[PDB]
Asker: 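Have a look at this one.
Sequence lines set the chain letters: A, B, ... in the order given, protein chains first and strands last, and positions in each chain run from 1. Only this structure's heavy atoms are used, side chains among them; waters, hydrogens and symmetry mates stay out.
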Amino acid sequence: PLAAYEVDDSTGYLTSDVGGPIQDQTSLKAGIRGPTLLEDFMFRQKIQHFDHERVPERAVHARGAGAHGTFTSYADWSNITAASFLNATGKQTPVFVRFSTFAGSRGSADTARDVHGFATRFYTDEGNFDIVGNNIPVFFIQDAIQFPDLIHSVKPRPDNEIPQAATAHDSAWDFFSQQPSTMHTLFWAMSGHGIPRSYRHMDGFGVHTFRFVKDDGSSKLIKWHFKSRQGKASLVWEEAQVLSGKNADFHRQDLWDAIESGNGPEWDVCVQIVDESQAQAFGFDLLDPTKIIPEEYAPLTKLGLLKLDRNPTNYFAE
Amino acid sequence: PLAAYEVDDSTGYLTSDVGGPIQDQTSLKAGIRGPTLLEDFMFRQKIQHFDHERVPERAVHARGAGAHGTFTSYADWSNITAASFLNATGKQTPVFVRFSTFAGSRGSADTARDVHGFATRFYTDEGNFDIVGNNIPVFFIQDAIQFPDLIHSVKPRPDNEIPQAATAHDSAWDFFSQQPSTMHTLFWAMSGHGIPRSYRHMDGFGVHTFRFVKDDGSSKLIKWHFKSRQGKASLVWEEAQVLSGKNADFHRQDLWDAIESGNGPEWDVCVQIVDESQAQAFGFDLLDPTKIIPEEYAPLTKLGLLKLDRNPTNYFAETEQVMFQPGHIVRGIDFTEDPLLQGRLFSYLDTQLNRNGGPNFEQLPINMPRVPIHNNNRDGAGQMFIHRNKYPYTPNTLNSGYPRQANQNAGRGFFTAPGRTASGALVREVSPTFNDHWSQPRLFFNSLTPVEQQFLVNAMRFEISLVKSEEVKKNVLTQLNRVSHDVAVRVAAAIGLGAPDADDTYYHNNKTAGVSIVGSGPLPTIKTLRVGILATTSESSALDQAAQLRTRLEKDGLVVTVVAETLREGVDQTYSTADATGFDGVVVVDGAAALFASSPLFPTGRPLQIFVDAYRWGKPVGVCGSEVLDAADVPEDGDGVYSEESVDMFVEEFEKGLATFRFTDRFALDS
Amino acid sequence: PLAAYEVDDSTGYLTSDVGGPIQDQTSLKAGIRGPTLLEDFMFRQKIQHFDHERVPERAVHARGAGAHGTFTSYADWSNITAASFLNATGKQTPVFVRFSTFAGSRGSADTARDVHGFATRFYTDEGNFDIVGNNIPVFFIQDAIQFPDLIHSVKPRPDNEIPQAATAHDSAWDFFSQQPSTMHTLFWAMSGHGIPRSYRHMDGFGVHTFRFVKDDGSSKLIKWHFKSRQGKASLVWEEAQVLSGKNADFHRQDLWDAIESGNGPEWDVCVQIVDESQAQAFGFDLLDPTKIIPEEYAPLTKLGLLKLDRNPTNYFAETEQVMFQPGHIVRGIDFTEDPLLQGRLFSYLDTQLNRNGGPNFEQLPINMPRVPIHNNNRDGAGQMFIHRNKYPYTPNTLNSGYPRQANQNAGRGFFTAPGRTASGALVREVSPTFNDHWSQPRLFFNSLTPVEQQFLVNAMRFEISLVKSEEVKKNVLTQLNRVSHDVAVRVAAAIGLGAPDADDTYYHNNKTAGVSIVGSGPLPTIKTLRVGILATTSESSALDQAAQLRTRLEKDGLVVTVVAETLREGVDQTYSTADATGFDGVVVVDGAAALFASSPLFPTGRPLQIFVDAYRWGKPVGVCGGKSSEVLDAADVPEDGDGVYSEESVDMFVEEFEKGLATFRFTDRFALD
Ligand code: HDD
Ligand code: HDD
Ligand code: HDD
Ligand SMILES: [Ca+2]
Ligand SMILES: [Ca+2]
Ligand SMILES: [Ca+2]
Ligand SMILES: [Ca+2]
């Protein structure tokens, strides 16, 4: 899929980045027990590269894992959207999905109690389309300007950076109790949805109401739901805690393994669709990201199938 | 110490970074249910800051914690070094220390099995001096150019980034078995030194040989040893694994708490001093960073006291941003031709460009010296100075020749030790003097106690059983067998391979003092150690028992946690949150016996699990007030098991057990 | 001012950045003729710093210069604005100003034909307030999203990066002719405003309509005008070209020198103030940044005095690192729905990440406010603060609800003008109120003097004749013709095409005051102006004459350069380094007549060339001593010419000459169509 960018090192002699053959195992020295020379460009190029390997971790969702796959549309959905990747029965579009926790830094445990990310890229024939979602269909806060307040409160206390990957401290609960919009997501995070059994055993939600827009300009309001075909399952807390120590990589390993064994996970990509005129028809505001539309009021339409079936080649690059 | 840079926000109205009062709770919208406006500068300034909060983590030692303190010189050391911070009895120099693991990213657990960093900055009156050390005195490799090979092999496999913070995978053991220089550090890491009980219960080492240089130009060779005054202690592996889940912040929390309670950790800062002529006199090469000098050949000299007694105010600003360099050297110290050291000097200057994003990293408060800076460095992103000198070149007349050159005879300049010399071809060759990779690993192993040796074998059994490649596993056995046949036999047994035939080239029976943990006697202090008292709210007698135990234990500086089903006055923690990993000793109060015989308030069996976990992990355990001990299957006649009606008799016994710290008779030995 | 951050190196021994004393003159080597060692940290720290000295130049206005100063309010302006720096008679606020060209990179010439920047920071007691203005009151385009298009077309062609600092190429005029909104600014840039005599002799404008907002919430619409107290003056093009070679630093030197000599430049900070209800009352839309309000409709109110009087200590730290934003706004001021202004607000915050390489650019000394900062911004690369508040989130109880929210009713908060409103579809559409691109360019042109109109026509003739594409040139003539048929005809004559037939839809005869340079009368002061006295060492009488003139002229605050073949006491520079571009007026002492009639000491004919150039460029020129005919005749300058002086009397000469310096340019020396 990214085959054109791949670099093969299964044969050949070591070179610099500019294709000059070199060695990289002993420094150049003035004598056999002597000081290392500044003119050793072999040493410096390799070590400079190493010194600069790291990049800033994501500001949130720093801990996560990804895979390639394919989306397949079940129908021509022109009746509800102009979107090209949905415009034909059987039409296939490559995807890349990253899953994650939320609070922890990039080496923290998969099985922390947290909100989880579920971010999907569709490389469509009319441009890249991302749905940047979570495993929980509502968010803590009602205005983006409050995002750093939330995140500051949930992340470790900033004098000592304790505790890692956890809401179980004064600041997070101070914020929750002072900012009551948080109640809905908090309840989700305190349920089993906070400790899913695997990325494969959770759903994905766009959270926000979006619009589907036809070529004639008419629009309808939608919510994205990615419904797991593996079922929904969770850990118990006292198991999660031990797991975080015994295998911090549990979720990424579970995903890697399922894909390698030919059991790549699948979701049904669904939307709830309602009219513009129903924005306040359900006893709340569809602009409010802390609310769900109960399925009794609006059923899921299944748009197509998302399957992940290919692991990355280089984790960092991809 | 950094007070000049502090910002107080305990009062006042919210402002922008340019002092304009604002709000930050609602976006500006076109109508009350409308879209957000581009002209909302309050939103964009706040969210832009947040968007850019993170900086790259350190390439290694990414997981760490720091503290401020003071170094105090014991003497005037002018007779061995010109170093100003060592030039008078009682002379004090502020320090900042960062401790760390090695392999893991930010957020990974403190109690991974790893090498640990112990990096110390002395803000001396003649410049910042850094000693960038580890808790293990030797390093894996013999040439800096191999560092990215070592690190790639030890860090997660790069297709899937698994596993985190662990050498327990094919690539690490492939490298170890192909690069036998790694044997000595590997044996250390597989010992209890890989899982210290805290930062405070480990030593620090400079690893390399450095030079002490006098004002008269003469030099001697030295090793730095920071010797803990809290004593040395370790976890056991099966405890550490659980701890990594239950509290990833265990070490940083232990350090923070010790300092906050007036129990700041101390080390004696020591050196071995030997003559230049003794570079090759001890059966190995002093330039070789995989070798120690046995203390039998060269005793330690105590130079002064290092104490940490002040926690940082902002972790990111101070701990995350502290940028250590072995290039931060002062007059009176010099480098050696250790090819590992040599290359570090390049690396630590370059790498801060990555972390800081620009060349003015030394201007961050935590990096600033405590004396005036006079040089012709200029410009660069993030330039914080306004330089008055508008002729920043040498030689000049238009600034009257300032700044003036400093050197051996002027301005207390740094100078390269003048006796130093180089001779021969310009070579990319390894000295044959480096070629013995096995003797000292065997020396180390020999110096551990029988049960210590078992722990090390068992760590290797654990890790090597997880290596998938049969050929790698065989290659590992080949190397271990060159250190010790018996080690190779015992680890081979766990992995269903045959050990190769004994190969006695490097076998011997010698021992060296000071490397064993379990052999180093009882801890010299038990202050800060954690006692969990397991009690119940269902009996008032239980709480009285716990309260009375608390009073007597806290007198002696122990941190006491009373556990019960629910919180109330006198109870610190619920059974739901309690774990044996959180305690150094565990006491059950007689009155709570029924609990150890179901509840919606904690997981089934939790109270007895704590007690049983603690026992099996080697901790002092007891009942104060045989019923409990039976249910636990813990023998009343066990060393480190206590059973007393009287609180005073119990405590007096139990505190002896806390000093012993681990009862190693509880662990099975091979054959 | 920024004294707290200053570093003194007038004494002491060289140290590293961490205070360890070192040397920095010889590398550490393995032997006296051997290789350099990696362990040489003295080498590496010094060279690393050097390697990383440079930062990205500004995306536009890369070429500029700055100074510190003070603003003094003339009144309590509470009646029109809540702004604290304007709230009392005599209230003083420190300022920093950077002036600039527009298109050129760093190291391009000050005296390119260009728009010029005039960016002012007020370090107010209620936060930093920036007015990021230009010397031309209108801009090329009507929507911020078009900025990169404008800038791409005006900057050098991207295959070979030619030409530098010039709109004189195809791509620029392709854009101008296809985007007629550009006409107004174009006409300005093609006038003398495109080549100002100095930063001190130009005005500053905010360009956009902004709002003044009172503490009661009512608002009015305003334009900022910074009016020079030095007078308005320009170079001529043929002079500016040579100057760009002889002294690329002319404007920055001019400004530096004026400040050092106690002649710091001043502006009256003014506004036009009109009602919200007049947004569309003046025959165009006040949201449209390509329009002026003619001052006949809305006169200037003088708010206070801006004076620049202190040069920077370190250019890079202060001038290069200053990071202006229109988003640096204070209570009492608000934005309008100017779609150009609207986008700027995003751009200036984002672009500082590129220049600074990180998010903490407001912590640079030149960027810091002069009041306490209280907020929950944290971390980021280059973080210079150590925050004590360990609960940086709102709402909190754990820091007792601090910091507190500031707004209209509490803590003197910024607030959006509450009368402000929006209505209608969410559209990517241009208001039809914006569609007249030609009438105001015509108004501007009408308001110039005849010779001034000729200068503008000639700048257009110069530039358009360098446009290679025939179709672009035709398209340019089309747009010019919609402003003025006469302009189209006259520019067309130079390039060998026909003008299109007159198209009178936007023609008119209206004029407006205060936009003309050559019409704005003699300069109000001649202090700082430069007089070159051409003398000779061959006659001791010539130097005596030069000395008498110097004394008389310096008394009146002129900067006097005595020029001769070689330096000595009394002579400031040699003919070799001297040029007419270096002077506002040129005097020959008649004792030096023989020079004007070969030397290894200067290029052939240099002395006469300086006098001839000065005359042809419109400057006051003269011969002092009584014998003028040999100099004047060699220069083909008529004794009876305006701005040509010939007196024996030193006193009489100076009195006359100084009136010529105030007149500044003698425009009778230029041919009209
Ligand atoms: C205004 C700030 C802010 C707000 C209100 C949101 N986040 Fe976000 N989110 C970010 C700021 C952002 C970010 C800081 O911009 C991140 C961090 C790394 C990145 O690329 O974007 C991001 C990361 C990001 C990731 C990781 C993507 C990946 O795997 O690389 C996911 C899945 C989400 N977020 C999901 C959401 C959901 C479902 C939201 C609520 C509906 C949400 N975020 C609110
Ligand atoms: C040529 C590469 C090189 C080699 C041979 C070494 N290291 Fe290193 N070390 C680095 C390159 C590196 C680095 C990548 O440059 C780091 C990462 C972040 C930094 O600031 O320096 C660093 C990090 C660093 C830290 C963390 C400092 C802190 O707390 O901020 C410690 C304690 C050490 N190392 C100690 C050692 C010891 C005792 C070594 C063997 C004697 C050693 N390193 C070999
Ligand atoms: C949306 C893009 C864009 C638009 C429409 C404008 N500019 Fe701008 N301007 C920038 C994009 C920007 C910038 C790229 O963001 C700069 C470059 C460096 C910086 O700090 O901001 C800038 C530089 C900047 C400077 C230099 C500031 C300094 O001295 O450091 C001045 C004086 C102006 N511009 C003035 C204006 C005027 C009076 C405008 C029309 C009314 C204008 N700009 C429109
Ligand atoms: Ca907290
Ligand atoms: Ca591996
Ligand atoms: Ca062109
Ligand atoms: Ca950068």
Asker: Once you round to the nearest 0.5 Å, how far does CD1 of A:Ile145 lie from OG1 of B:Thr36?
Answerer: 9.0 Å
Asker: Is any side-chain heavy atom of B:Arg33 closer than 4.5 Å to a side-chain heavy atom of A:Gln280?
Answerer: yes
Asker: Among residues 335-342 of chain B, which ones touch chain A with a heavy-atom distance under 4.5 Å?
Answerer: B:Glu337, B:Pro339, B:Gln342
Asker: With a 4.5 angstrom heavy-atom cut-off, could you sort out which part of B:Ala109 is near chain A: side chain, backbone, both or neither?
Answerer: neither
Asker: Can B:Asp143 and A:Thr26 be counted as having a side-chain donor-acceptor contact under 3.5 angstrom?
Answerer: no
Asker: Are B:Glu161 and A:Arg106 close enough for a salt bridge, meaning some N to O gap below 4.0 Å?
Answerer: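 A salt bridge links B:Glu161 with A:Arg106.
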Asker: Between B:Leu255, B:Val55, B:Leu426, B:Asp350, which shows the greatest number of heavy-atom pairs under 4.5 Å with chain A?
Answerer: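 Looking at each of B:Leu255, B:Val55, B:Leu426, B:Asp350 in turn, B:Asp350 comes out on top.
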Asker: Would you compute the distance between atom CZ of B:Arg344 and atom CD1 of A:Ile47 and round it to the nearest 0.5 angstrom?
Answerer: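 The CD1 atom of A:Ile47 is 12.0 Å from CZ of B:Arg344, to the nearest 0.5 Å.
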Asker: Check whether B:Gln609 gets within reach of chain A through its side chain, its backbone, both or neither, counting any heavy atom under 4.5 Å.
Answerer: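 Neither part.
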Asker: Using only non-hydrogen atoms and a strict under-4.5 angstrom cutoff, which residues of residues 162-171 of chain A touch chain B?
Answerer: A:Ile162, A:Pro163, A:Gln164
Asker: Pick one of side chain, backbone, both or neither for A:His152, based on which atoms fall under 4.5 Å of a heavy atom in chain B.
Answerer: side chain
Asker: Can you say whether A:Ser27 sits under 4.5 Å from chain B via the side chain, the backbone, both, or neither, judging by heavy atoms?
Answerer: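 Looking at A:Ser27, backbone and side chain both touch chain B.
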Asker: Donor-acceptor check, side chain of A:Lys29 to backbone of B:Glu429, threshold 3.5 angstrom: yes or no?
Answerer: yes
Asker: Return yes if a side-chain donor-acceptor contact under 3.5 Å exists between B:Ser347 and A:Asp51, otherwise no.
Answerer: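 Yes, because at least one side-chain N or O of B:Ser347 sits under 3.5 Å from a partner of the opposite role on A:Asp51.
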Asker: Flag the pair B:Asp579 / A:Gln241 as yes when at least one side-chain heavy-atom distance between them is below 4.5 Å, and no otherwise.
Answerer: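 No. Closest side-chain heavy atoms not under 4.5 Å.
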Asker: Select one option (side chain, backbone, both, neither) describing which atoms of A:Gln179 are under 4.5 Å from chain B's heavy atoms.
Answerer: side chain
Asker: With only heavy atoms counted, which part of B:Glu53 is less than 4.5 Å from chain A, the side chain, the backbone, both or neither?
Answerer: side chain
Asker: Side chains of A:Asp149 and B:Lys46: does their closest heavy-atom pair fall under 4.5 Å?
Answerer: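 Side chain of A:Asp149 against side chain of B:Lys46, heavy atoms only: contact under 4.5 Å found.
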